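Heads up, the thing below is written out as structure tokens.
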Amino acid sequence: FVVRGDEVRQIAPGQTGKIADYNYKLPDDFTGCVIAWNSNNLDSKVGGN
Amino acid sequence: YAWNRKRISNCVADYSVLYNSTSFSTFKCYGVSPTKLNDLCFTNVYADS
Ligand SMILES: *[C@@H]1O[C@H](CO)[C@@H](O)[C@H](O)[C@H]1NC(C)=O
Ligand SMILES: *[C@@H]1O[C@H](CO)[C@@H](O)[C@H](O)[C@H]1NC(C)=O
């Protein structure tokens, strides 16, 4: 998925916020990995995507 | 250097009201997990802004 930058820290087992409560909610036993990278070059339109 | 500090007094502390106001880049919590912040009552609270 694509999120806001200040919200990447919300993609973690224990987190609260709009993403971690209403949107995604990673489990407490995730046993995986979270890759995240800035995509302002891709997911951004000159008028705003 | 001259940081403020205030009492919070009687309150319901629901950070959900702040969700479409600004995204908190840093929301590290110590001694208390964020997920439990909605199931707790605090006898004293200070701001330190
Ligand atoms: C708060 O909600 C309104 C209603 O959709 C929205 O237009 C506004 O942008 C929200 N606040 C922020 C900071 O996004
Ligand atoms: C913050 O204060 C400004 C100016 O009074 C106001 O325009 C804005 O809506 C306020 N934001 C919130 C979340 O109350």
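Residue numbering restarts at 1 for every chain of the structure tokens, chains are lettered A, B, ... in their displayed order, and ligands are numbered from 1 as they appear.
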I want to know what sits within 10 Å of residue 25 of chain B, based on only C-alpha atoms, with residues of the same chain fewer than 5 positions away left out; could you give that as a ChimeraX atom specification?
/A:5-10
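Selecting all polymer residues at most 12 Å from ligand 2, using only C-alpha atoms and all ligand atoms, gives residues 15, 16, 17, 18, 19, 20, 21, 22 and 23 of chain B.
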Find the spatial neighbours of residue 27 of chain A, counting only C-alpha atoms, within a cut-off of 8 Å - ignore same-chain residues fewer than 2 positions away - and output them as a ChimeraX atom specification.
/A:13-14,25,29-30
Keeping N, CA and C atoms, export the residues of the selection given above as a PDB file, in the first residue's frame.
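Dumped everything to again_1.pdb:
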```
ATOM      1  N   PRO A  13       3.825  -3.643  14.775  1.00  0.00           N
ATOM      2  CA  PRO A  13       2.880  -4.428  15.580  1.00  0.00           C
ATOM      3  C   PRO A  13       2.040  -3.602  16.541  1.00  0.00           C
ATOM      4  N   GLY A  14       2.685  -2.863  17.437  1.00  0.00           N
ATOM      5  CA  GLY A  14       1.947  -2.033  18.368  1.00  0.00           C
ATOM      6  C   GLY A  14       1.987  -0.565  18.008  1.00  0.00           C
ATOM      7  N   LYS A  25      -3.504  -2.079  10.687  1.00  0.00           N
ATOM      8  CA  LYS A  25      -3.437  -2.869  11.922  1.00  0.00           C
ATOM      9  C   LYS A  25      -2.630  -4.162  11.732  1.00  0.00           C
ATOM     10  N   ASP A  29       1.933 -10.567  16.339  1.00  0.00           N
ATOM     11  CA  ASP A  29       2.814 -11.701  16.079  1.00  0.00           C
ATOM     12  C   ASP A  29       3.162 -11.748  14.599  1.00  0.00           C
ATOM     13  N   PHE A  30       3.592 -10.597  14.077  1.00  0.00           N
ATOM     14  CA  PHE A  30       3.693 -10.401  12.635  1.00  0.00           C
ATOM     15  C   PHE A  30       4.687 -11.365  11.996  1.00  0.00           C
TER      16      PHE A  30
END
```
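If you look at atom CA of residue 3 of chain B and atom CA of residue 48 of chain B, they are 6.4 Å away from each other.
Of note, atom 3 (C, counted along the ligand's line) of ligand 1 and atom CA of residue 18 of chain A are spaced 13.5 Å apart.
Running DSSP on the backbone and keeping only helix (DSSP H, G or I), the residues of chain A that qualify are residues 5, 6, 7, 8, 9, 10, 18, 19, 20, 21, 22 and 23 of chain A.
Nearest to chain A of all the residues B:41, B:2, B:36, B:13 is B:36, based on only C-alpha atoms.
Going from atom CA of residue 39 of chain A to atom CA of residue 19 of chain A covers 17.9 Å.
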Fewer than 4 positions away in the same chain doesn't count, so skip those; otherwise give me all residues within 7 Å of residue 16 of chain A, counting only C-alpha atoms, as an mmCIF file with C-alpha atoms, in the first residue's frame.
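Wrote it out as around.cif, contents follow:
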```
data_model
loop_
_atom_site.group_PDB
_atom_site.id
_atom_site.type_symbol
_atom_site.label_atom_id
_atom_site.label_comp_id
_atom_site.auth_asym_id
_atom_site.auth_seq_id
_atom_site.Cartn_x
_atom_site.Cartn_y
_atom_site.Cartn_z
ATOM 1 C CA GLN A 10 2.638 3.398 12.271
ATOM 2 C CA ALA A 20 -2.950 1.540 12.700
ATOM 3 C CA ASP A 21 -6.564 1.749 13.922
ATOM 4 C CA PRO B 34 -0.171 3.494 23.040
ATOM 5 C CA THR B 35 -2.852 0.843 22.485
#
```
